[PDB]
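Asks: Okay, here's the structure, questions in a sec.
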Amino acid sequence: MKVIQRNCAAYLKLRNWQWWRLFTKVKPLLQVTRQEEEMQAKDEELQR
Amino acid sequence: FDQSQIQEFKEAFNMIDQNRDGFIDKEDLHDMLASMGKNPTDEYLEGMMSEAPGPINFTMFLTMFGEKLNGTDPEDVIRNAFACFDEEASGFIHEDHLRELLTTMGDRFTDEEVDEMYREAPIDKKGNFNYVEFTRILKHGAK
Amino acid sequence: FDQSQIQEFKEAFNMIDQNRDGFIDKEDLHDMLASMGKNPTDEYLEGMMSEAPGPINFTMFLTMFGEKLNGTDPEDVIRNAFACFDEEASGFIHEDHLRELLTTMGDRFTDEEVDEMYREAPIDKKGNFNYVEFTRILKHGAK
Amino acid sequence: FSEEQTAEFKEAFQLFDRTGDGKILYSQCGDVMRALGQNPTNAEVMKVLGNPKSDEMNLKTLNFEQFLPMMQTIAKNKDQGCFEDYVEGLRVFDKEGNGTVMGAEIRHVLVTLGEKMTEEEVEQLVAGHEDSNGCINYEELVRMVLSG
């Protein structure tokens, strides 16, 4: 709970900082690492 | 400091540094938000340039997002702590249960936390709350 | 705007931007086509640099391929509209049937469309036309 | 006693504080005491709790200062019911001496004898050890409870 607590309190401190909307609009664009990791995850999922 | 985090931060930076000079200026975020939608008011841009000691350089925003972020934990250990937290292990605890526990879990918590959580979480119509995707949202899976 | 399309465009761009400056110059496409085969005549390169307001930057060709492409549809919905179009659902309609329908389907169509289609489509030796791969070619599956 | 273990004592005491200062309810502090190995019957607990009533037990908490003499009095017991007691009493409590003891009878004579406990208490106590015969090996569970 204290782990989750520190995490959500940091989120609270950060959910309102203006930079967040800005740099979160851009993350879904670049996904090359995401593309590769999802490739391998789907590989193991299909094997299972 | 985390390899994945630093690599994705510098990736997004060199993608947004439309001048490739390593110096973030009003041009970059301005035209980026213009392509996204309504252009940002230059006072917002100046306030975002007020944290860095000048034109936001690479290590500049590196250190700023570090000092603003170092201390959190990835969604993996988040949902790990969430797993034993529920006996059903399906990730469908109730939000009012979250309220009754947050008020005194370790240190005492107030009401702003729970009201902001409920107003910014996909809670069902009786209290049940799902974190399989909400925690990933907290780590920016969808938002 | 589409996630897959923008990601693959920027991928191919940063692969062809052999200087990694975000500025596409004669060097990049020139040496790329040289490795591919006959070098491109510099007038072609200048004409390809005539659309952008200078050395083709990232958002430059982004916007240019958007304005040249925004309005199409992926092969999925293409073959979806093609499915109910045929009762056999095997994707083997006849090209002369395509001709007799194109002349008046919605707005009237001319003869250049059908002749270009037949000369640039793997039609069989009696008229039957397959789109399971041709439509993907239209979305660049093989060409 | 000594400050040797008083550090663990302090962290445990403040661990279960609903106010986070050193004031823990009487029921809760007795539960902590029991969790500290020292598990006496609530009778002597109330005896050394100034003989309060249930209302006072659920309204009045305790500081850590008075908690030291309290566990001091608890340590004056210096012993509790022995292991041979439990094994022989459970062995003679069964109907036929078949190495085990029936379950439902145990649950009943536990929730309805002497110190009263809720049904789920003894339920999660016996939980996991159940069998199709309904006759649990009292030995393993009693030694687990004693050692644990």
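Letters A, B, ... go to the chains of the structure tokens in the order shown; residues in each chain start at 1; ligands are counted from 1 in the same order.
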Using only C-alpha atoms, determine which residues lie at most 12 Å from segment 115-122 of chain C, disregarding the query and same-chain residues fewer than 6 positions distant; provide the list as a count of residues only.

Replies: 21

Asks: Show which residues sit within 8 Å of segment 26-32 of chain A, as a PyMOL selection string. Count only C-alpha atoms, and ignore same-chain residues fewer than 2 positions away.

Replies: (chain A and resi 22-24+34-36) or (chain B and resi 11-12) or (chain C and resi 3+6-7)

Asks: Using only C-alpha atoms, what table do you get, as CSV, when you list each residue of chain D with an atom no more than 10 Å from chain B, its nearest pair of atoms, and their distance in Å rounded to one decimal, rows by chain then rising number?

Replies:
```
residue,atom,partner,partner_atom,distance
D:14,CA,B:106,CA,9.6
D:15,CA,B:106,CA,7.6
D:16,CA,B:106,CA,8.4
D:17,CA,B:106,CA,8.4
D:18,CA,B:104,CA,6.1
D:19,CA,B:108,CA,7.3
D:20,CA,B:107,CA,6.6
```

Asks: Residues of chain B within 10 Å of chain C, counting only C-alpha atoms, what are they? List them as a PyMOL selection string.

Replies: chain B and resi 14-21+31-32+35

Asks: Emit the selected residues as an mmCIF file, in the first residue's frame, including C-alpha atoms.

Replies:
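New file result-v9.cif:
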```
data_model
loop_
_atom_site.group_PDB
_atom_site.id
_atom_site.type_symbol
_atom_site.label_atom_id
_atom_site.label_comp_id
_atom_site.auth_asym_id
_atom_site.auth_seq_id
_atom_site.Cartn_x
_atom_site.Cartn_y
_atom_site.Cartn_z
ATOM 1 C CA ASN B 14 14.633 14.616 -31.033
ATOM 2 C CA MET B 15 11.274 14.105 -32.745
ATOM 3 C CA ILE B 16 9.948 17.403 -31.358
ATOM 4 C CA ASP B 17 13.243 19.308 -31.808
ATOM 5 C CA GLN B 18 12.273 20.257 -35.355
ATOM 6 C CA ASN B 19 15.544 22.209 -35.610
ATOM 7 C CA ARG B 20 17.667 19.239 -34.414
ATOM 8 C CA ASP B 21 19.850 21.727 -32.523
ATOM 9 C CA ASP B 31 4.126 24.296 -34.544
ATOM 10 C CA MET B 32 3.634 20.870 -32.954
ATOM 11 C CA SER B 35 -0.477 20.677 -36.164
#
```

Asks: Select residues of chain A: the criterion is any atom within 9 Å of an atom of chain B, counting only C-alpha atoms; output as a PyMOL selection string.

Replies: chain A and resi 1-14+18-19+21-30+33

Asks: Mind writing the picked residues with C-alpha atoms as a PDB file, in the first residue's frame?

Replies:
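For reference, part.pdb as written:
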```
ATOM      1  CA  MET A   1       0.000   0.000   0.000  1.00  0.00           C
ATOM      2  CA  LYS A   2       2.844   2.401   0.771  1.00  0.00           C
ATOM      3  CA  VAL A   3       4.342   1.646  -2.636  1.00  0.00           C
ATOM      4  CA  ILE A   4       1.004   2.334  -4.338  1.00  0.00           C
ATOM      5  CA  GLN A   5       0.667   5.387  -2.085  1.00  0.00           C
ATOM      6  CA  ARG A   6       3.982   6.926  -3.101  1.00  0.00           C
ATOM      7  CA  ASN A   7       3.104   6.249  -6.736  1.00  0.00           C
ATOM      8  CA  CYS A   8      -0.338   7.862  -6.637  1.00  0.00           C
ATOM      9  CA  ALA A   9       0.946  10.802  -4.584  1.00  0.00           C
ATOM     10  CA  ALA A  10       3.614  11.417  -7.215  1.00  0.00           C
ATOM     11  CA  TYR A  11       0.854  11.194  -9.825  1.00  0.00           C
ATOM     12  CA  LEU A  12      -1.108  13.784  -7.834  1.00  0.00           C
ATOM     13  CA  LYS A  13       1.930  16.070  -7.805  1.00  0.00           C
ATOM     14  CA  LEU A  14       2.263  15.442 -11.551  1.00  0.00           C
ATOM     15  CA  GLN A  18       1.263  21.688 -17.666  1.00  0.00           C
ATOM     16  CA  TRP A  19       4.113  19.803 -19.356  1.00  0.00           C
ATOM     17  CA  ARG A  21      -0.543  16.982 -21.488  1.00  0.00           C
ATOM     18  CA  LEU A  22       2.129  18.268 -23.874  1.00  0.00           C
ATOM     19  CA  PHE A  23       4.571  15.382 -23.616  1.00  0.00           C
ATOM     20  CA  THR A  24       1.774  12.815 -23.337  1.00  0.00           C
ATOM     21  CA  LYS A  25       0.209  13.865 -26.639  1.00  0.00           C
ATOM     22  CA  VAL A  26       3.425  12.785 -28.366  1.00  0.00           C
ATOM     23  CA  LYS A  27       4.167   9.416 -26.705  1.00  0.00           C
ATOM     24  CA  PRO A  28       1.527   7.382 -28.639  1.00  0.00           C
ATOM     25  CA  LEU A  29       3.205   8.447 -31.889  1.00  0.00           C
ATOM     26  CA  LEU A  30       6.609   6.775 -31.525  1.00  0.00           C
ATOM     27  CA  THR A  33      10.154  -0.253 -29.042  1.00  0.00           C
TER      28      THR A  33
END
```

Asks: To one decimal place, how far is atom CA of residue 25 of chain B from atom CA of residue 52 of chain B in Å?

Replies: 11.3 Å

Asks: Taking only segment 17-113 of chain D into account, list the residues labelled strand (DSSP E) by DSSP (computed from the backbone), as a ChimeraX atom specification.

Replies: /D:24-25,61-62,101-102

Asks: Mind checking which residues fall within 9 Å of segment 45-48 of chain D, counting only C-alpha atoms, ignoring those fewer than 2 positions away in the same chain, and posting them as an mmCIF file with N, CA, C and O atoms, in the first residue's frame?

Replies:
```
data_model
loop_
_atom_site.group_PDB
_atom_site.id
_atom_site.type_symbol
_atom_site.label_atom_id
_atom_site.label_comp_id
_atom_site.auth_asym_id
_atom_site.auth_seq_id
_atom_site.Cartn_x
_atom_site.Cartn_y
_atom_site.Cartn_z
ATOM 1 N N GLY D 30 -4.617 -5.093 22.597
ATOM 2 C CA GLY D 30 -4.613 -6.494 22.979
ATOM 3 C C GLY D 30 -4.325 -7.409 21.804
ATOM 4 O O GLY D 30 -3.606 -8.404 21.937
ATOM 5 N N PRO D 40 -2.497 -13.850 25.918
ATOM 6 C CA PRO D 40 -3.298 -14.298 27.055
ATOM 7 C C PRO D 40 -4.786 -14.166 26.753
ATOM 8 O O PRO D 40 -5.200 -13.554 25.768
ATOM 9 N N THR D 41 -5.585 -14.753 27.636
ATOM 10 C CA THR D 41 -7.029 -14.643 27.518
ATOM 11 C C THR D 41 -7.470 -13.219 27.839
ATOM 12 O O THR D 41 -6.875 -12.536 28.675
ATOM 13 N N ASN D 42 -8.529 -12.772 27.160
ATOM 14 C CA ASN D 42 -9.038 -11.424 27.375
ATOM 15 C C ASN D 42 -9.422 -11.173 28.825
ATOM 16 O O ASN D 42 -9.524 -10.012 29.234
ATOM 17 N N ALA D 43 -9.634 -12.231 29.609
ATOM 18 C CA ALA D 43 -9.953 -12.068 31.022
ATOM 19 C C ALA D 43 -8.847 -11.314 31.750
ATOM 20 O O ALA D 43 -9.072 -10.231 32.303
ATOM 21 N N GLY D 50 -7.379 -2.297 33.860
ATOM 22 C CA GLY D 50 -8.181 -1.534 34.793
ATOM 23 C C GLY D 50 -9.608 -2.007 34.912
ATOM 24 O O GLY D 50 -10.448 -1.279 35.443
ATOM 25 N N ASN D 51 -9.899 -3.214 34.437
ATOM 26 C CA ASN D 51 -11.247 -3.769 34.436
ATOM 27 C C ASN D 51 -12.254 -2.814 33.788
ATOM 28 O O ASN D 51 -13.185 -2.344 34.447
ATOM 29 N N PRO D 52 -12.093 -2.514 32.500
ATOM 30 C CA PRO D 52 -13.036 -1.608 31.843
ATOM 31 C C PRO D 52 -14.252 -2.362 31.341
ATOM 32 O O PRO D 52 -14.380 -3.568 31.573
ATOM 33 N N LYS D 53 -15.157 -1.664 30.672
ATOM 34 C CA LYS D 53 -16.284 -2.301 30.012
ATOM 35 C C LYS D 53 -16.105 -2.202 28.503
ATOM 36 O O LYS D 53 -15.238 -1.478 28.006
ATOM 37 N N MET D 57 -13.518 -0.152 26.187
ATOM 38 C CA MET D 57 -12.547 -0.851 25.354
ATOM 39 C C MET D 57 -12.606 -0.385 23.906
ATOM 40 O O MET D 57 -11.569 -0.318 23.238
ATOM 41 N N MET D 70 2.162 -2.730 30.721
ATOM 42 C CA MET D 70 1.078 -3.631 30.366
ATOM 43 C C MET D 70 1.642 -4.971 29.902
ATOM 44 O O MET D 70 1.273 -6.030 30.423
ATOM 45 N N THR D 73 3.081 -6.792 32.945
ATOM 46 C CA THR D 73 2.108 -7.651 33.611
ATOM 47 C C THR D 73 1.812 -8.891 32.781
ATOM 48 O O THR D 73 1.602 -9.979 33.330
ATOM 49 N N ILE D 74 1.780 -8.748 31.456
ATOM 50 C CA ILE D 74 1.557 -9.912 30.603
ATOM 51 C C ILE D 74 2.693 -10.915 30.762
ATOM 52 O O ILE D 74 2.468 -12.130 30.817
#
```
